[PDB]
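Engineer: Before I ask anything, let me first share the structure, which is written out below as structure tokens.
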Number of protein chains: 2
Amino acid sequence: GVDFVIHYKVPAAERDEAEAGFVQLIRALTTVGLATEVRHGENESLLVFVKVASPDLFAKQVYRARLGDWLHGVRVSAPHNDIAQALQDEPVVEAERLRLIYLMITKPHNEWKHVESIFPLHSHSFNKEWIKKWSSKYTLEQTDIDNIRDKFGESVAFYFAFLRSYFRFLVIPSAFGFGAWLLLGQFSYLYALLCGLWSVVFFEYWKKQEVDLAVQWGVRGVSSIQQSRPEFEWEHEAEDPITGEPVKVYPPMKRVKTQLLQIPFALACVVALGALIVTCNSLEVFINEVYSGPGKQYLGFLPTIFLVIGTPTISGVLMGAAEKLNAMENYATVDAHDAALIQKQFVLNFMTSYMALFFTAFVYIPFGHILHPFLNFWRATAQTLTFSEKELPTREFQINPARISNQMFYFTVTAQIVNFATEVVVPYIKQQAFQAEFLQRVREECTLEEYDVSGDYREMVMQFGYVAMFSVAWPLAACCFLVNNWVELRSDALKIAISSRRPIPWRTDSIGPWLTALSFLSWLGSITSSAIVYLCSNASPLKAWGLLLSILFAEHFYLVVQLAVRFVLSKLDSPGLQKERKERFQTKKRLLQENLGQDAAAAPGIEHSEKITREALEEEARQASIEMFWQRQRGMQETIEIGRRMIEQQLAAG
Amino acid sequence: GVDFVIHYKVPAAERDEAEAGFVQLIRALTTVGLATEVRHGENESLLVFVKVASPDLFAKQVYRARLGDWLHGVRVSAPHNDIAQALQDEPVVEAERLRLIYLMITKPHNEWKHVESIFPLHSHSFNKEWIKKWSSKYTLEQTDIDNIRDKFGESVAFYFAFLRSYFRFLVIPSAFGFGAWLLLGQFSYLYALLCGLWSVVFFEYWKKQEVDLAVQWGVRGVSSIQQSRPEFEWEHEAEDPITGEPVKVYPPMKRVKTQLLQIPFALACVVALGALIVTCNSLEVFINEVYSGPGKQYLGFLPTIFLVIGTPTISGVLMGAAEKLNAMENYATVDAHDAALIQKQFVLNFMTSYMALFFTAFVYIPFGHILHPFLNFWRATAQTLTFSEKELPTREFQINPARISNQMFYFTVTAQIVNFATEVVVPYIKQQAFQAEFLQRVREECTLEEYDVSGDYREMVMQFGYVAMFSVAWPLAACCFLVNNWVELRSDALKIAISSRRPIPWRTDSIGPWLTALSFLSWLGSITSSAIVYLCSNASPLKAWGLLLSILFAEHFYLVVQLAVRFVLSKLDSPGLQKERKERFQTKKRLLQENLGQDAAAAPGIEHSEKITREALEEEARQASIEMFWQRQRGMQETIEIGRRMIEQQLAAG
Ligand SMILES: [Ca+2]
Ligand SMILES: [Ca+2]
Ligand SMILES: [Ca+2]
Ligand SMILES: [Ca+2]
């Protein structure tokens with residue numbers, strides 16, 4: 001097991017001595033401001049190793065960070081022992097350390113004229129047992145995820161927390177999905193209902209989980225604490241309505257107006273990518289269904305090639321408009337900025353993941369006769385390419401309902417197998433192609449890319465969409481994903497260890513933008529599922545009332561289930577919210593104890609009512625100093641006897 | 001201006017001396033336990049006047065109440081001056097006083113074997129200027145509502161706060177409603193969209209307002225503080241997960257199961273009342289449209305008579321099932337119990353308010369030919385009643401599309417005019433029929449019923465439903481309500497003063513159950529409006545795609561607008577939530593100041609990095625006591641020069 005003695009590593013690119021020297025000078029000048037540097041240079045770029053010297057001055061800042069998080073309400077419990085030494089009963093976590101030191105480097109004490117990167121080194125001793133402990137287990141445990149947070153951070157930890165929770169909830173649709181396939185058959189108006197019921201439950205349950213995890217890990221509300229973006233544009237400067245600190249203000253409603261440009265942007269993505277996909281699909285239909293002679297197997301690959309060339313090209317242009325629009329929307333924090341870019345990308349992701357299926361389930365199978373003009377375009381076009389005047393041989397366009405079954409098999413089986421290769425084997429091959437002890441190891445790790453949680457997030461989010469929307473045409477889809485996800489936990493853990501450098505510890509109290517993505521896919525999947533069932537069941541397909549009622553009932557079934565599930569979960573106890581609400585109580589309680597001598601939160605004796613008589617006496621006397629207003633027959637019994645006397649008097653009248 | 005010197009009044013019914021005497025004895029025995037009693041008896045029932053004697057012992061309990069509200073998080077700011085006398089810079093409010101002693105009277109220190117009632121006396125001096133100041137103003141102000149809370153309480157105050165906000169938001173549909181009527185015409189697929197847009201805005205805006213009002217009045221979360229119901233059934237006893245106090249527990253999910261019986265209950269109400277209303281409507285059609293000879297004007301009243309007899313009779317039975325089901329659901333607090341009974345009643349209210357219109361807009365006008373079997377039933381039935389064998393004269397059933405216009409005129413004009421009479425003139429007539437100074441006045445006031453906020457709440461809530469659902473067939477409806485609501489503010493204030501006794505000060509942080517009612521009416525009104533537009537426009541009415549597309553677009557327009565409005569409002573500042581989040585900050589800040597000497601929330605000088613060198617020296621020495629692991633070239637410049645030396649060395653290779 002190889003060891004490490006470094007906290008962070010800073011490589012400074014060496015182009016020309018003039019600026020490279022200046023870079024090395026002041027970067028050193030600043031780093032030594034608070035942290036030790038040992039600078040050994042390898043691979044034509046100098047490597048500045050940085051670690052905290054004084055542990056006394058470090059824990060003084062770690063504790064100061066604990067206070068900051070607690071002050072703004074991010075941390076549930078204060079470190080109010082007030083002595084930093086004895087406060088290490090809650091010891092400094094490696095992620096907590098690595099994060100806080102990263103800040104000292106990356107706070108406004110740096111970022112420095114094209115520094116190559118800043119990254120911590122891995123822990124081979126930890127990564128070994130990591131992939132080992134998980135490859136032996138059939139079932140992961142919460143403490144395993146807690147360990148992930150400890151060494152890497154909540155940003156990485158939540159994904160595994162999400163993937164794990166999504167994995168076990170995926171058992172349910174694997175159950176009645178197998179049962180639907182085994183008994184009920186394809187296109188069942190029952191699996192769709194159970195799929196909608198499931199999607200609502202899993203989503204609402206995970207939202208409830210995120211609060212608990214945020215409280216457990218003490219990151220609840222960390223999103224509005226992180227450093228604001230440098231290139232954030234602000235019109236004026238005011239006071240924080242909470243903290244009172246000088247915050248730079250930019251009109252929220254002015255941002256809302258700018259964010260309205262996502263509506264035409266989204267349509268542009270649906271049109272651009274959609275036209276690209278529906279075109280390749282028409283070729284796929286023309287080449288296979290409509291014959292076109294020898295070389296068909298050679299020709300069959302050609303439309304697939306168009307996708308590979310077309311997708312990054314068209315979406316790359318659209319991404320430029322996204323990145324440009326993202327800056328215009330002007331986000332205060334790095335958290336909000338990257339979360340908005342991801343949402344913009346989701347429209348691109350949606351198209352390149354489902355449009356092939358939409359074309360099949362809503363255009364191809366239920367109608368298909370509208371594809372004839374598309375087919376003729378390829379008929380004439382291919383004739384030109386042939387160069388020979390003779391017509392390409394042709395046969396009647398016949399609709400094959402097995403198309404939706406073949407595509408679903410790809411996305412659920414074949415596409416997931418080539419995923420394991422692309423996500424793991426291809427990066428590992430790159431290492432093989434590349435092919436003191438610290439330095440060689442550090443050379444290696446310097447090369448790798450930073451781990452991106454977003455890539456792993458969408459792979460599962462887009463996968464969920466397949467279940468929510470198109471699994472009614474292939475009920476065995478959930479089972480294929482269930483198997484994949486077990487390996488996905490292992491595989492993603494494996495690539496973090498050896499295929500990428502250790503990511504900077506970063507904190508979030510939610511999966512973020514992916515929540516809306518899941519929620520949208522779940523809703524649209526209620527319309528999609530039922531609509532597919534009606535159209536693909538194959539009486540004449542009466543689009544008028546037949547299609548719309550199927551959608552009307554299933555969508556409203558989804559909406560009612562939504563209200564039902566939330567209602568039930570709202571009456572269940574929530575550990576996360578209970579902790580925060582209890583600390584707040586006791587904190588308020590403590591001040592009361594200190595201020596009032598422990599005695600607050602009995603009833604006076606009857607004899608005290610004589611003191612009551614005394615106060616009435618004192619009132620009368622003060623009024624006696626000075627008409628009907630002050631009348632009292634004082635004493636307990638005097639009133640009783642008068643009232644008693646009244647009782648027999650009133651019956652005397654009767 | 002007549003004055004008062006009493007806080008509360010307790011009349012004890014006198015039937016037979018044995019129990020009436022026992023009632024008078026111990027009720028007195030208990031009342032004097034903490035409060036003064038003067039007992040003068042009038043109108044065959046003894047009147048026990050109760051007021052607080054010791055003002056020193058009273059403010060000691062008022063302040064203790066302030067602490068209680070603040071401790072549980074209901075109050076934003078503590079009364080932490082700790083001296084009750086100087087804490088009257090926030091003086092004791094009359095409602096605050098009256099509420100707290102009502103508790104003193106009615107907590108488990110009473111309720112006492114059929115005590116007639118317990119109620120405070122009005123303030124004629126205040127009620128005079130009340131109706132005066134509002135009858136002079138064109139526009140009410142927040143401070144006017146604040147005054148209402150002061151003398152009556154938040155329960156009464158919220159209604160007027162709701163009515164006022166609902167009144168001014170009702171200006172908007174009065175605007176484009178007049179415009180739709182003036183220009184666009186009836187059944188416009190544009191007013192409906194603006195109606196849905198408006199309903200979402202007003203509702204979401206009011207929800208935001210309730211938080212602010214709750215914070216302003218310091219009642220935020222008071223619902224889970226009030227005394228639990230005596231007849232609440234509890235299985236076991238545990239500790240409050242927050243307070244730690246012994247709370248009696250009843251399984252929430254066991255209640256959820258019991259609450260599932262509202263689904264068949266609702267259907268029973270829709271069927272029972274629905275059958276009753278659709279029957280009277282068939283008579284209305286038979287008597288007017290289908291002639292039936294002389295006495296038609298006399299006969300015309302007969303179906304209306306059926307409604308007046310039928311409605312309280314059928315719904316009275318259904319209410320018994322509601323009251324029975326309500327107890328089974330077993331609610332912990334009186335707040336939750338009455339809120340659930342109101343929700344059950346809403347189904348009855350919904351039917352008796354809109355079913356006549358549904359019959360017109362969905363059965364009568366767009367079809368009507370399905371009414372022929374209903375008409376024949378009355379044809380034969382009337383023949384039997386006539387006693388003469390000769391057939392009743394008959395004429396062709398002809399559909400009149402002006403029916404929906406006539407009914408809408410009733411509900412918006414005529415029904416609101418007879419409302420002013422029933423809600424104000426009829427109670428005032430009752431006083432005229434009824435026709436020392438303390439005695440005369442208190443005798444009069446004892447008779448009056450307790451003010452019910454629920455009655456005034458539904459009148460406006462059911463009115464809102466007319467706008468949200470059926471105003472597209474009568475766009476001038478909002479204007480008629482706008483005029484009514486201005487008077488409604490005045491009139492309801494007038495009946496509280498003279499038509500009813502002063503209500504006990506009671507606190508809530510929301511309008512409660514009416515929120516869901518408004519939200520449901522707003523949603524259903526999106527389907528109702530568009531469906532009405534399509535069906536009542538009057539090509540053949542293709543129910544299949546035509547009706548459903550109209551609903552599909554308008555409902556989804558509603559759902560998207562919902563997300564849009566919430567998104568916008570979520571980026572606006574909320575005064576209520578800002579106060580609570582700031583106190584929590586400063587409270588946490590204060591403890592930090594006390595504990596750490598005011599100094600927490602600069603950067604060390606470069607020379608300190610020599611102390612950094614010192615700590616590295618201390619590390620080495622301790623390791624020196626004891627291979628590649630501990631390597632350092634100490635000092636700022638030693639690292640710089642080595643790195644510098646590396647620079648020209650690496651270029652030498654090149
Ligand atoms: Ca994979
Ligand atoms: Ca992955
Ligand atoms: Ca009225
Ligand atoms: Ca009213």
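Here, A, B, ... name the chains of the structure tokens in the order displayed, residue numbers run from 1 inside each chain, and ligands are numbered from 1 in the same displayed order.
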Which residues of chain B have any atom within 7 Å of an atom in chain A when counting only C-alpha atoms, and what is the closest pair of atoms for each, with the distance in Å to one decimal? Order the rows by chain and rising number and write it as CSV.

Structural biologist:
residue,atom,partner,partner_atom,distance
B:5,CA,A:629,CA,6.4
B:17,CA,A:647,CA,6.7
B:21,CA,A:644,CA,6.7
B:25,CA,A:640,CA,6.1
B:28,CA,A:640,CA,6.7
B:32,CA,A:636,CA,6.1
B:33,CA,A:606,CA,5.4
B:34,CA,A:609,CA,6.3
B:38,CA,A:632,CA,6.0
B:39,CA,A:639,CA,6.6
B:44,CA,A:650,CA,6.9
B:53,CA,A:616,CA,5.8
B:54,CA,A:615,CA,5.5
B:68,CA,A:601,CA,6.7
B:71,CA,A:588,CA,5.9
B:72,CA,A:585,CA,6.4
B:241,CA,A:578,CA,6.9
B:242,CA,A:582,CA,4.6
B:252,CA,A:571,CA,6.4
B:544,CA,A:545,CA,4.1
B:545,CA,A:544,CA,4.0
B:548,CA,A:548,CA,6.6
B:571,CA,A:252,CA,6.3
B:578,CA,A:242,CA,6.6
B:581,CA,A:242,CA,6.5
B:582,CA,A:242,CA,4.5
B:585,CA,A:71,CA,6.2
B:588,CA,A:71,CA,5.9
B:589,CA,A:71,CA,6.5
B:601,CA,A:68,CA,6.4
B:606,CA,A:33,CA,5.1
B:609,CA,A:34,CA,6.4
B:612,CA,A:53,CA,5.6
B:615,CA,A:54,CA,5.6
B:616,CA,A:53,CA,6.0
B:629,CA,A:5,CA,6.6
B:632,CA,A:38,CA,6.7
B:633,CA,A:38,CA,6.7
B:636,CA,A:32,CA,6.3
B:639,CA,A:38,CA,6.0
B:643,CA,A:39,CA,5.8
B:646,CA,A:41,CA,6.9
B:650,CA,A:44,CA,6.6

Engineer: Only C-alpha atoms, please: the residues just picked out, written as a PDB file, in the first residue's frame.

Structural biologist:
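part-v2.pdb, written as the output of this step:
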ATOM      1  CA  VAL B   5     -66.107  46.655  33.697  1.00  0.00           C
ATOM      2  CA  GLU B  17     -82.467  23.212  42.557  1.00  0.00           C
ATOM      3  CA  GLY B  21     -77.473  24.395  43.194  1.00  0.00           C
ATOM      4  CA  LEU B  25     -71.725  25.919  44.295  1.00  0.00           C
ATOM      5  CA  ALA B  28     -68.113  29.247  42.182  1.00  0.00           C
ATOM      6  CA  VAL B  32     -62.713  31.934  42.910  1.00  0.00           C
ATOM      7  CA  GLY B  33     -59.725  29.604  42.648  1.00  0.00           C
ATOM      8  CA  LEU B  34     -58.094  32.290  40.523  1.00  0.00           C
ATOM      9  CA  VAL B  38     -69.973  38.833  41.045  1.00  0.00           C
ATOM     10  CA  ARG B  39     -73.211  36.954  40.530  1.00  0.00           C
ATOM     11  CA  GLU B  44     -84.431  32.927  35.320  1.00  0.00           C
ATOM     12  CA  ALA B  53     -58.431  40.598  40.427  1.00  0.00           C
ATOM     13  CA  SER B  54     -54.649  40.810  40.804  1.00  0.00           C
ATOM     14  CA  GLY B  68     -44.503  29.717  25.827  1.00  0.00           C
ATOM     15  CA  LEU B  71     -40.308  28.690  23.142  1.00  0.00           C
ATOM     16  CA  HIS B  72     -42.305  26.563  20.702  1.00  0.00           C
ATOM     17  CA  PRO B 241     -39.900  14.240  19.690  1.00  0.00           C
ATOM     18  CA  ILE B 242     -39.314  17.979  20.155  1.00  0.00           C
ATOM     19  CA  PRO B 252     -51.468   8.501  12.126  1.00  0.00           C
ATOM     20  CA  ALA B 544     -64.619  12.887 -28.999  1.00  0.00           C
ATOM     21  CA  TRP B 545     -61.608  15.074 -29.840  1.00  0.00           C
ATOM     22  CA  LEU B 548     -61.149  16.742 -24.760  1.00  0.00           C
ATOM     23  CA  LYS B 571     -37.718  34.472  -6.194  1.00  0.00           C
ATOM     24  CA  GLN B 578     -37.048  36.797   6.544  1.00  0.00           C
ATOM     25  CA  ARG B 581     -34.672  33.412   9.609  1.00  0.00           C
ATOM     26  CA  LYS B 582     -32.969  36.535  10.977  1.00  0.00           C
ATOM     27  CA  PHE B 585     -29.331  33.929  13.033  1.00  0.00           C
ATOM     28  CA  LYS B 588     -27.211  31.949  17.359  1.00  0.00           C
ATOM     29  CA  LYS B 589     -24.934  34.958  16.915  1.00  0.00           C
ATOM     30  CA  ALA B 601     -18.100  35.276  12.291  1.00  0.00           C
ATOM     31  CA  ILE B 606       3.732  36.515   5.882  1.00  0.00           C
ATOM     32  CA  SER B 609       4.944  31.657   7.920  1.00  0.00           C
ATOM     33  CA  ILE B 612       4.930  27.737  10.036  1.00  0.00           C
ATOM     34  CA  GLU B 615       6.049  23.895  13.394  1.00  0.00           C
ATOM     35  CA  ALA B 616       7.711  22.017  10.537  1.00  0.00           C
ATOM     36  CA  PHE B 629       8.040  10.253   3.938  1.00  0.00           C
ATOM     37  CA  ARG B 632      11.102  19.064   3.331  1.00  0.00           C
ATOM     38  CA  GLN B 633      13.261  21.892   2.049  1.00  0.00           C
ATOM     39  CA  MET B 636       9.847  30.239   1.474  1.00  0.00           C
ATOM     40  CA  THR B 639      11.756  26.166  -2.382  1.00  0.00           C
ATOM     41  CA  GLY B 643      12.110  25.442  -8.402  1.00  0.00           C
ATOM     42  CA  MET B 646      14.686  23.440 -12.171  1.00  0.00           C
ATOM     43  CA  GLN B 650      14.442  21.551 -17.934  1.00  0.00           C
TER      44      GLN B 650
END

Engineer: Give the alpha helix (DSSP H) residues of stretch 380-555 of chain B, as DSSP finds them on the backbone, and put them as JSON, numbers by chain.

Structural biologist: {"B": [380, 381, 382, 383, 384, 385, 386, 403, 404, 405, 406, 407, 408, 409, 415, 416, 417, 418, 419, 420, 426, 427, 428, 429, 430, 431, 432, 433, 434, 437, 438, 439, 440, 441, 442, 443, 444, 445, 446, 447, 453, 454, 455, 456, 457, 458, 459, 460, 461, 462, 463, 464, 465, 466, 467, 468, 469, 470, 477, 478, 479, 480, 481, 482, 483, 484, 485, 486, 487, 488, 489, 490, 491, 492, 493, 494, 495, 496, 497, 498, 514, 515, 516, 517, 518, 519, 520, 521, 522, 523, 524, 525, 526, 527, 528, 529, 530, 531, 532, 533, 534, 535, 536, 537, 548, 549, 550, 551, 552, 553, 554, 555]}

Engineer: Could I get the residue neighbourhood of ligand 3 at 7 Å, counting only C-alpha atoms and all ligand atoms, as a list in words?

Structural biologist: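 What falls inside 7 Å of ligand 3 is residues 416, 419, 420, 423 and 488 of chain B.
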
Engineer: Restrict the selected residues to C-alpha atoms and save them as a PDB file, in the first residue's frame.

Structural biologist:
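Okay, out_16.pdb is ready:
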ATOM      1  CA  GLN B 416     -76.559  38.415  -3.411  1.00  0.00           C
ATOM      2  CA  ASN B 419     -78.180  37.574   0.976  1.00  0.00           C
ATOM      3  CA  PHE B 420     -77.909  41.094   2.407  1.00  0.00           C
ATOM      4  CA  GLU B 423     -77.562  37.940   6.672  1.00  0.00           C
ATOM      5  CA  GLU B 488     -69.625  42.590   2.355  1.00  0.00           C
TER       6      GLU B 488
END

Engineer: Check every protein, DNA and RNA residue against ligand 2, keep those with an atom at most 7 Å away (counting only C-alpha atoms and all ligand atoms), and present them as a list in words.

Structural biologist: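 Listed by chain and ascending number, the contacts are residues 455, 456, 457, 459, 488 and 492 of chain A.
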
Engineer: Considering only C-alpha atoms and all ligand atoms, tabulate each residue of chain B that lies at most 12 Å from ligand 4 along with its nearest interatomic pair and the corresponding distance in Å to one decimal; arrange the rows by chain and ascending residue number and present them as a Markdown table.

Structural biologist:
| residue | atom | partner | partner_atom_place_in_ligand_line | distance |
| --- | --- | --- | --- | --- |
| B:156 | CA | ligand 4 | 1 (Ca) | 11.8 |
| B:159 | CA | ligand 4 | 1 (Ca) | 9.5 |
| B:160 | CA | ligand 4 | 1 (Ca) | 9.8 |
| B:162 | CA | ligand 4 | 1 (Ca) | 11.7 |
| B:163 | CA | ligand 4 | 1 (Ca) | 9.1 |
| B:416 | CA | ligand 4 | 1 (Ca) | 10.4 |
| B:419 | CA | ligand 4 | 1 (Ca) | 8.7 |
| B:420 | CA | ligand 4 | 1 (Ca) | 8.8 |
| B:421 | CA | ligand 4 | 1 (Ca) | 11.7 |
| B:422 | CA | ligand 4 | 1 (Ca) | 10.6 |
| B:423 | CA | ligand 4 | 1 (Ca) | 7.4 |
| B:424 | CA | ligand 4 | 1 (Ca) | 9.6 |
| B:451 | CA | ligand 4 | 1 (Ca) | 11.0 |
| B:452 | CA | ligand 4 | 1 (Ca) | 9.9 |
| B:453 | CA | ligand 4 | 1 (Ca) | 8.5 |
| B:454 | CA | ligand 4 | 1 (Ca) | 9.1 |
| B:455 | CA | ligand 4 | 1 (Ca) | 6.7 |
| B:456 | CA | ligand 4 | 1 (Ca) | 3.7 |
| B:457 | CA | ligand 4 | 1 (Ca) | 6.9 |
| B:458 | CA | ligand 4 | 1 (Ca) | 8.2 |
| B:459 | CA | ligand 4 | 1 (Ca) | 5.9 |
| B:460 | CA | ligand 4 | 1 (Ca) | 7.0 |
| B:461 | CA | ligand 4 | 1 (Ca) | 10.2 |
| B:462 | CA | ligand 4 | 1 (Ca) | 11.2 |
| B:463 | CA | ligand 4 | 1 (Ca) | 10.6 |
| B:484 | CA | ligand 4 | 1 (Ca) | 10.0 |
| B:485 | CA | ligand 4 | 1 (Ca) | 8.8 |
| B:486 | CA | ligand 4 | 1 (Ca) | 11.1 |
| B:487 | CA | ligand 4 | 1 (Ca) | 9.7 |
| B:488 | CA | ligand 4 | 1 (Ca) | 6.0 |
| B:489 | CA | ligand 4 | 1 (Ca) | 7.9 |
| B:490 | CA | ligand 4 | 1 (Ca) | 9.7 |
| B:491 | CA | ligand 4 | 1 (Ca) | 7.5 |
| B:492 | CA | ligand 4 | 1 (Ca) | 5.3 |
| B:493 | CA | ligand 4 | 1 (Ca) | 8.9 |
| B:494 | CA | ligand 4 | 1 (Ca) | 10.4 |
| B:495 | CA | ligand 4 | 1 (Ca) | 9.1 |
| B:496 | CA | ligand 4 | 1 (Ca) | 10.1 |

Engineer: Identify all residues of stretch 178-350 of chain A in strand (DSSP E or B) (DSSP on the backbone) and supply them as a compact mmCIF listing (two decimals) with N, CA, C and O atoms, in the first residue's frame.

Structural biologist:
# COMPACT_ATOMS: atom_id res chain seq x y z
N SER A 228 -19.60 33.34 -4.11
CA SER A 228 -20.28 33.84 -5.30
C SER A 228 -19.33 33.89 -6.50
O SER A 228 -18.12 33.98 -6.33
N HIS A 236 -26.35 47.08 -7.86
CA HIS A 236 -26.09 47.85 -6.65
C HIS A 236 -25.66 46.95 -5.50
O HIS A 236 -25.45 45.75 -5.68
N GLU A 237 -25.52 47.55 -4.32
CA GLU A 237 -25.05 46.82 -3.15
C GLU A 237 -25.92 47.15 -1.94
O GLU A 237 -26.18 48.32 -1.65
N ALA A 238 -26.36 46.11 -1.24
CA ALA A 238 -27.24 46.29 -0.09
C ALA A 238 -26.85 45.37 1.06
O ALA A 238 -25.79 44.74 1.03
N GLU A 239 -27.72 45.29 2.06
CA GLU A 239 -27.47 44.45 3.23
C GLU A 239 -28.28 43.16 3.16
O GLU A 239 -29.44 43.17 2.74
N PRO A 246 -22.72 43.04 3.70
CA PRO A 246 -22.85 43.65 2.36
C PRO A 246 -22.93 42.60 1.25
O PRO A 246 -21.92 41.98 0.92
N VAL A 247 -24.12 42.43 0.69
CA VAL A 247 -24.30 41.53 -0.45
C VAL A 247 -24.58 42.33 -1.71
O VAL A 247 -25.28 43.35 -1.68
N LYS A 248 -24.02 41.88 -2.83
CA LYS A 248 -24.23 42.56 -4.10
C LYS A 248 -25.52 42.05 -4.75
O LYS A 248 -25.73 40.85 -4.89
N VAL A 249 -26.37 42.99 -5.14
CA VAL A 249 -27.73 42.66 -5.56
C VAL A 249 -27.94 42.79 -7.06
O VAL A 249 -27.51 43.76 -7.69
N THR A 333 -23.92 32.30 -7.70
CA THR A 333 -22.99 31.27 -7.24
C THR A 333 -22.67 30.26 -8.33
O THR A 333 -23.42 30.09 -9.29

Engineer: How many Å lie between atom CA of residue A:155 and atom CA of residue A:234, rounded to one decimal?

Structural biologist: 28.3 Å

Engineer: So which residues touch residue A:292 within 12 Å, counting only C-alpha atoms, skipping near sequence neighbours fewer than 2 positions away, as a PyMOL selection string?

Structural biologist: chain A and resi 283-290+294-300+375+378-383+386+390-397

Engineer: Fewer than 5 positions away in the same chain doesn't count, so skip those; otherwise give me all residues within 8 Å of residue B:177, counting only C-alpha atoms, as a list in words.

Structural biologist: residues 191, 475, 476, 477, 478 and 479 of chain B

Engineer: Using atom CA of residue B:278 and atom CA of residue B:388 as the two end points, give the distance in Å to one decimal.

Structural biologist: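 A separation of 28.1 Å between them.
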
Engineer: Please report the interatomic distance between atom CA of residue B:523 and atom CA of residue B:566 in Å with one decimal.

Structural biologist: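 So the two atoms, atom CA of residue B:523 and atom CA of residue B:566, lie 15.1 Å apart.
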
Engineer: Name the closest residue to residue B:212 among the candidates B:341, B:468, B:161, B:336; distances are taken between atoms, counting only C-alpha atoms.

Structural biologist: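 Comparing B:341, B:468, B:161, B:336 against residue B:212, the winner is B:161.
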